[PDB]
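Chemist: Contents of coords.txt (compact mmCIF, C-alpha atoms) are given next:
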# COMPACT_ATOMS: atom_id res chain seq x y z
CA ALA A 1 117.66 38.86 228.39
CA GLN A 2 115.95 39.27 225.00
CA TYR A 3 113.58 36.37 225.38
CA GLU A 4 112.27 36.43 228.97
CA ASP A 5 109.80 34.14 230.72
CA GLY A 6 106.63 36.10 231.43
CA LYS A 7 107.18 38.43 228.50
CA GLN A 8 107.15 36.82 225.02
CA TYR A 9 106.07 33.48 226.46
CA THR A 10 105.02 31.95 229.75
CA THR A 11 105.97 28.64 231.29
CA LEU A 12 103.49 25.96 232.22
CA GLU A 13 103.54 25.35 235.94
CA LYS A 14 102.21 21.93 235.03
CA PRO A 15 104.16 20.70 231.98
CA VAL A 16 102.51 18.25 229.59
CA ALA A 17 104.43 15.09 228.71
CA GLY A 18 104.29 13.66 225.18
CA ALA A 19 102.67 16.80 223.77
CA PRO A 20 102.95 17.76 220.07
CA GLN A 21 105.99 19.93 219.36
CA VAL A 22 104.12 22.99 218.12
CA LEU A 23 100.49 23.05 219.07
CA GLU A 24 98.04 25.74 218.01
CA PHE A 25 94.44 26.10 219.20
CA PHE A 26 91.68 28.00 217.46
CA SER A 27 87.94 28.43 216.90
CA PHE A 28 86.18 29.47 213.70
CA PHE A 29 84.08 31.64 216.08
CA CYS A 30 87.10 33.47 217.40
CA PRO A 31 87.57 36.99 215.88
CA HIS A 32 91.26 37.18 216.81
CA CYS A 33 91.68 33.70 215.25
CA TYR A 34 90.22 34.99 211.97
CA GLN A 35 92.80 37.76 212.11
CA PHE A 36 95.61 35.23 212.92
CA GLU A 37 94.67 33.00 210.01
CA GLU A 38 93.20 35.30 207.35
CA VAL A 39 95.06 38.57 207.81
CA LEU A 40 98.25 37.82 209.74
CA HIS A 41 98.82 34.24 208.51
CA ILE A 42 100.47 33.32 211.83
CA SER A 43 100.36 29.54 211.33
CA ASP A 44 101.99 29.82 207.96
CA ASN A 45 104.82 32.14 208.95
CA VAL A 46 105.65 30.09 212.01
CA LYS A 47 106.09 26.97 209.87
CA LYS A 48 108.46 28.75 207.51
CA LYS A 49 110.86 29.32 210.38
CA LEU A 50 110.61 26.01 212.22
CA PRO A 51 113.77 23.86 212.28
CA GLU A 52 113.70 20.64 210.28
CA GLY A 53 112.00 17.68 211.97
CA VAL A 54 109.49 19.89 213.75
CA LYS A 55 105.88 19.51 212.58
CA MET A 56 102.93 21.71 213.46
CA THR A 57 99.61 20.65 214.95
CA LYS A 58 96.51 22.84 214.95
CA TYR A 59 93.38 21.99 216.94
CA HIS A 60 89.84 23.38 217.14
CA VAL A 61 88.19 24.05 220.52
CA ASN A 62 84.65 23.57 221.89
CA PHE A 63 84.20 26.38 224.38
CA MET A 64 83.02 28.89 221.76
CA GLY A 65 79.86 28.82 219.72
CA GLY A 66 78.04 26.28 221.83
CA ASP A 67 76.43 23.52 219.81
CA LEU A 68 77.88 24.66 216.48
CA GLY A 69 81.28 25.01 218.12
CA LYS A 70 81.27 21.24 218.80
CA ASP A 71 80.06 20.56 215.27
CA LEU A 72 83.04 22.60 214.09
CA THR A 73 85.56 20.58 216.14
CA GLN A 74 84.26 17.34 214.56
CA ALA A 75 84.38 18.87 211.07
CA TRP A 76 87.94 20.01 211.75
CA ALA A 77 88.63 16.37 212.72
CA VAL A 78 87.13 15.41 209.34
CA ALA A 79 89.24 18.05 207.62
CA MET A 80 92.31 16.51 209.32
CA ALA A 81 91.39 12.93 208.56
CA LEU A 82 91.02 13.69 204.86
CA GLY A 83 93.92 16.12 204.76
CA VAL A 84 91.90 19.02 203.34
CA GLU A 85 92.62 21.73 205.95
CA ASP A 86 93.99 24.08 203.30
CA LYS A 87 90.72 24.03 201.34
CA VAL A 88 88.18 24.47 204.10
CA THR A 89 89.99 26.78 206.50
CA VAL A 90 89.17 29.94 204.53
CA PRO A 91 85.54 29.16 203.66
CA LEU A 92 84.87 28.02 207.24
CA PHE A 93 86.22 31.25 208.75
CA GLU A 94 84.32 33.42 206.27
CA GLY A 95 81.13 31.36 206.54
CA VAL A 96 81.10 31.72 210.33
CA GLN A 97 82.36 35.32 210.62
CA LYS A 98 82.11 37.17 207.30
CA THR A 99 78.98 36.05 205.47
CA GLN A 100 77.45 34.28 208.51
CA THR A 101 75.96 31.59 206.33
CA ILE A 102 77.11 28.75 208.56
CA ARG A 103 74.39 28.12 211.12
CA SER A 104 74.17 24.34 211.25
CA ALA A 105 76.07 21.09 210.60
CA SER A 106 74.48 21.07 207.16
CA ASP A 107 75.95 24.49 206.36
CA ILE A 108 79.36 23.20 207.52
CA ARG A 109 78.96 20.20 205.22
CA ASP A 110 78.11 22.47 202.23
CA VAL A 111 81.49 24.14 202.60
CA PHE A 112 83.19 20.79 202.16
CA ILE A 113 80.89 19.88 199.24
CA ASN A 114 81.70 23.22 197.61
CA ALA A 115 85.40 22.55 198.32
CA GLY A 116 85.08 19.39 196.27
CA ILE A 117 85.02 16.75 198.96
CA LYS A 118 82.46 14.13 197.95
CA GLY A 119 79.29 14.00 200.03
CA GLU A 120 79.45 10.30 200.79
CA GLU A 121 83.14 10.68 201.69
CA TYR A 122 82.42 13.55 204.07
CA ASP A 123 79.53 11.68 205.69
CA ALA A 124 81.60 8.50 206.17
CA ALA A 125 84.48 10.47 207.70
CA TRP A 126 82.00 12.47 209.81
CA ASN A 127 80.52 9.33 211.34
CA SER A 128 83.80 7.38 211.56
CA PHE A 129 85.54 6.28 214.74
CA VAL A 130 88.90 7.55 213.50
CA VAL A 131 87.24 10.98 213.51
CA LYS A 132 85.77 10.31 217.00
CA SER A 133 89.23 9.73 218.43
CA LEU A 134 90.53 12.70 216.45
CA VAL A 135 87.89 14.75 218.32
CA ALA A 136 89.07 13.16 221.59
CA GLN A 137 92.69 14.09 220.76
CA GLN A 138 91.73 17.76 220.21
CA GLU A 139 89.77 17.84 223.45
CA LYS A 140 92.52 16.07 225.44
CA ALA A 141 95.20 18.51 224.30
CA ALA A 142 93.02 21.49 225.17
CA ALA A 143 92.26 19.92 228.57
CA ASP A 144 95.91 19.13 229.33
CA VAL A 145 96.99 22.81 229.16
CA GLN A 146 93.84 24.06 230.92
CA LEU A 147 92.90 26.07 227.82
CA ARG A 148 90.31 28.81 228.47
CA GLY A 149 91.17 31.23 225.65
CA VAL A 150 92.07 31.21 221.95
CA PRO A 151 94.12 31.78 219.83
CA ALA A 152 96.82 30.01 221.75
CA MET A 153 100.10 28.34 220.89
CA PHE A 154 102.22 25.96 222.94
CA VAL A 155 105.69 24.56 222.36
CA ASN A 156 106.78 21.10 223.56
CA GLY A 157 104.07 21.03 226.19
CA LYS A 158 106.19 23.38 228.24
CA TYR A 159 105.84 26.94 226.89
CA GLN A 160 102.86 29.10 225.95
CA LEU A 161 103.14 32.06 223.53
CA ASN A 162 102.37 35.44 225.06
CA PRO A 163 101.53 37.80 222.14
CA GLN A 164 100.33 40.59 224.50
CA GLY A 165 104.00 41.19 225.19
CA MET A 166 104.81 42.31 221.59
CA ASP A 167 104.49 45.59 219.55
CA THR A 168 101.39 45.55 217.36
CA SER A 169 101.98 48.91 215.50
CA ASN A 170 103.12 46.97 212.48
CA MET A 171 101.52 43.61 211.72
CA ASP A 172 104.32 42.05 209.67
CA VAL A 173 106.72 42.84 212.52
CA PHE A 174 104.42 41.32 215.13
CA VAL A 175 104.10 38.22 212.96
CA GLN A 176 107.88 37.75 212.61
CA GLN A 177 108.44 38.34 216.31
CA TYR A 178 105.78 35.74 217.01
CA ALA A 179 107.40 33.32 214.55
CA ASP A 180 110.88 33.99 215.90
CA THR A 181 109.70 33.38 219.46
CA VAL A 182 108.28 30.01 218.42
CA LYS A 183 111.61 29.14 216.79
CA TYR A 184 113.69 30.20 219.82
CA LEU A 185 111.36 28.26 222.11
CA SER A 186 111.62 25.26 219.83
CA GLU A 187 115.40 25.21 220.23
CA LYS A 188 115.24 25.68 223.99
Could the structure of this file be written out as structure tokens, please?
Modeler:
Amino acid sequence: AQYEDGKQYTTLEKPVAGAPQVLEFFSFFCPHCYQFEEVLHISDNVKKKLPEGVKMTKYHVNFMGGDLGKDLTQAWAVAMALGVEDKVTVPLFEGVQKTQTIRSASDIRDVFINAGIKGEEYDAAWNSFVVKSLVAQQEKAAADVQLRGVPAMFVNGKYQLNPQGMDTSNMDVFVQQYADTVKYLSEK
């Protein structure tokens, strides 16, 4: 057909019950992820084509960047708990990959301070249990699909996007094909 298993997407041999409907994984250390977020705006363009009643979940992963990678997953939990993803996503990517001024938990914190999140509010979130379980949720989801590489996107715990099987000559076109695949898979 037009959409074929093993081409634009793959099927999980081991489907995950109760999974979020659209689940994206990333790392602020991941160069392709920087592209996906900063240059291609994949997350954004997917959302604009999702049917109504379908919400998008995006999680950070641990297996890149060692110690600071883990710090970044907790900080993403904090970003989620406070609902400030859209203010820290860009400075976190650029701080890790562009300017390389993020080398420690303190430098991660600065980004939030600069973004206007109050220090005492960041620190309370950071140390909170709600954030601890939010870290556990991110790790569980990654574990459940046996995630060993990012960026990655899964739909209804049953399908995994396969971007390798798409023309990259034009970026806009790749992006829409990606978004359209997510939409088709969402209706499946």
Chemist: Could you state the separation of atom CA of residue A:89 and atom CA of residue A:75 in Å, given to one decimal place?
Modeler: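 So the two atoms, atom CA of residue A:89 and atom CA of residue A:75, lie 10.7 Å apart.
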Chemist: Quick one: of A:157, A:151, A:31, A:6, who's nearest to residue A:19, counting only C-alpha atoms?
Modeler: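 Among A:157, A:151, A:31, A:6, it is A:157 that comes nearest to residue A:19.
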Chemist: A:114, A:35, A:106, A:137: which is nearest residue A:73, counting all atoms listed in the file?
Modeler: A:137
Chemist: Report as a PyMOL selection string all protein, DNA and RNA residues lying within 8 Å of stretch 90-94 of chain A, evaluated on all atoms listed in the file, omitting residues in the same chain fewer than 6 positions from it.
Modeler: chain A and resi 28-29+34+38+100+102+108+111
Chemist: Which distance in Å separates atom CA of residue A:72 and atom CA of residue A:56, to one decimal?
Modeler: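 Between atom CA of residue A:72 and atom CA of residue A:56 the gap works out to 19.9 Å.
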Chemist: Give the answer as one residue: which of A:104, A:146, A:128, A:10 has the shortest atom-to-atom distance to residue A:164, using all atoms listed in the file?
Modeler: A:10
Chemist: Compare A:165, A:74, A:23, A:122 by their minimum atom-to-atom distance to residue A:47, counting all atoms listed in the file, and give me the closest one.
Modeler: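 Counting all atoms listed in the file, the residue closest to residue A:47 is A:23.
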Chemist: For each of A:183, A:98, A:118, A:87, take the minimum atom-to-atom distance to residue A:50, counting only C-alpha atoms, then give the residue where this is smallest.
Modeler: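 Of A:183, A:98, A:118, A:87, the one nearest residue A:50 is A:183, counting only C-alpha atoms.
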Chemist: Please rebuild stretch 40-57 of chain A with N, CA, C and O atoms and return the result as a PDB file, in the frame of the given file.
Modeler:
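The resulting part_30.pdb:
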ATOM      1  N   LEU A  40      96.873  37.915 209.293  1.00  0.00           N
ATOM      2  CA  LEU A  40      98.250  37.820 209.740  1.00  0.00           C
ATOM      3  C   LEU A  40      98.980  36.577 209.209  1.00  0.00           C
ATOM      4  O   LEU A  40     100.192  36.607 209.024  1.00  0.00           O
ATOM      5  N   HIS A  41      98.240  35.496 208.974  1.00  0.00           N
ATOM      6  CA  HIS A  41      98.820  34.240 208.510  1.00  0.00           C
ATOM      7  C   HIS A  41      99.894  33.699 209.463  1.00  0.00           C
ATOM      8  O   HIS A  41     100.968  33.249 209.035  1.00  0.00           O
ATOM      9  N   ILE A  42      99.596  33.781 210.758  1.00  0.00           N
ATOM     10  CA  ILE A  42     100.470  33.320 211.830  1.00  0.00           C
ATOM     11  C   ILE A  42     100.941  31.874 211.665  1.00  0.00           C
ATOM     12  O   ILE A  42     102.141  31.609 211.722  1.00  0.00           O
ATOM     13  N   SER A  43     100.002  30.950 211.472  1.00  0.00           N
ATOM     14  CA  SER A  43     100.360  29.540 211.330  1.00  0.00           C
ATOM     15  C   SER A  43     101.393  29.366 210.255  1.00  0.00           C
ATOM     16  O   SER A  43     102.460  28.799 210.475  1.00  0.00           O
ATOM     17  N   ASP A  44     101.101  29.942 209.104  1.00  0.00           N
ATOM     18  CA  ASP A  44     101.990  29.820 207.960  1.00  0.00           C
ATOM     19  C   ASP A  44     103.405  30.327 208.206  1.00  0.00           C
ATOM     20  O   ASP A  44     104.373  29.650 207.881  1.00  0.00           O
ATOM     21  N   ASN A  45     103.525  31.494 208.826  1.00  0.00           N
ATOM     22  CA  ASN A  45     104.820  32.140 208.950  1.00  0.00           C
ATOM     23  C   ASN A  45     105.649  31.509 210.052  1.00  0.00           C
ATOM     24  O   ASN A  45     106.871  31.553 210.011  1.00  0.00           O
ATOM     25  N   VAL A  46     104.978  30.924 211.038  1.00  0.00           N
ATOM     26  CA  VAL A  46     105.650  30.090 212.010  1.00  0.00           C
ATOM     27  C   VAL A  46     106.311  28.884 211.343  1.00  0.00           C
ATOM     28  O   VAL A  46     107.495  28.627 211.556  1.00  0.00           O
ATOM     29  N   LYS A  47     105.563  28.177 210.499  1.00  0.00           N
ATOM     30  CA  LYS A  47     106.090  26.970 209.870  1.00  0.00           C
ATOM     31  C   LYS A  47     107.348  27.260 209.068  1.00  0.00           C
ATOM     32  O   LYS A  47     108.308  26.508 209.126  1.00  0.00           O
ATOM     33  N   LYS A  48     107.347  28.378 208.360  1.00  0.00           N
ATOM     34  CA  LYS A  48     108.460  28.750 207.510  1.00  0.00           C
ATOM     35  C   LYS A  48     109.733  29.017 208.290  1.00  0.00           C
ATOM     36  O   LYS A  48     110.799  29.179 207.704  1.00  0.00           O
ATOM     37  N   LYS A  49     109.647  29.086 209.609  1.00  0.00           N
ATOM     38  CA  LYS A  49     110.860  29.320 210.380  1.00  0.00           C
ATOM     39  C   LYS A  49     111.207  28.184 211.332  1.00  0.00           C
ATOM     40  O   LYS A  49     112.253  28.215 211.975  1.00  0.00           O
ATOM     41  N   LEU A  50     110.344  27.176 211.401  1.00  0.00           N
ATOM     42  CA  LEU A  50     110.610  26.010 212.220  1.00  0.00           C
ATOM     43  C   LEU A  50     111.787  25.193 211.684  1.00  0.00           C
ATOM     44  O   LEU A  50     111.932  25.004 210.462  1.00  0.00           O
ATOM     45  N   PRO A  51     112.648  24.731 212.610  1.00  0.00           N
ATOM     46  CA  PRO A  51     113.770  23.860 212.280  1.00  0.00           C
ATOM     47  C   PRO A  51     113.239  22.587 211.654  1.00  0.00           C
ATOM     48  O   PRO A  51     112.069  22.255 211.856  1.00  0.00           O
ATOM     49  N   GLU A  52     114.083  21.889 210.909  1.00  0.00           N
ATOM     50  CA  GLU A  52     113.700  20.640 210.280  1.00  0.00           C
ATOM     51  C   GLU A  52     113.433  19.557 211.326  1.00  0.00           C
ATOM     52  O   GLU A  52     114.163  19.445 212.319  1.00  0.00           O
ATOM     53  N   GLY A  53     112.380  18.773 211.098  1.00  0.00           N
ATOM     54  CA  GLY A  53     112.000  17.680 211.970  1.00  0.00           C
ATOM     55  C   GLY A  53     110.992  18.123 213.023  1.00  0.00           C
ATOM     56  O   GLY A  53     110.624  17.367 213.928  1.00  0.00           O
ATOM     57  N   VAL A  54     110.531  19.360 212.882  1.00  0.00           N
ATOM     58  CA  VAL A  54     109.490  19.890 213.750  1.00  0.00           C
ATOM     59  C   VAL A  54     108.216  20.110 212.931  1.00  0.00           C
ATOM     60  O   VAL A  54     108.206  20.924 212.006  1.00  0.00           O
ATOM     61  N   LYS A  55     107.177  19.326 213.224  1.00  0.00           N
ATOM     62  CA  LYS A  55     105.880  19.510 212.580  1.00  0.00           C
ATOM     63  C   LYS A  55     104.872  20.219 213.479  1.00  0.00           C
ATOM     64  O   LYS A  55     104.961  20.203 214.712  1.00  0.00           O
ATOM     65  N   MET A  56     103.909  20.848 212.823  1.00  0.00           N
ATOM     66  CA  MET A  56     102.930  21.710 213.460  1.00  0.00           C
ATOM     67  C   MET A  56     101.553  21.075 213.550  1.00  0.00           C
ATOM     68  O   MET A  56     101.051  20.511 212.574  1.00  0.00           O
ATOM     69  N   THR A  57     100.951  21.163 214.729  1.00  0.00           N
ATOM     70  CA  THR A  57      99.610  20.650 214.950  1.00  0.00           C
ATOM     71  C   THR A  57      98.666  21.797 215.283  1.00  0.00           C
ATOM     72  O   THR A  57      98.978  22.661 216.095  1.00  0.00           O
TER      73      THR A  57
END
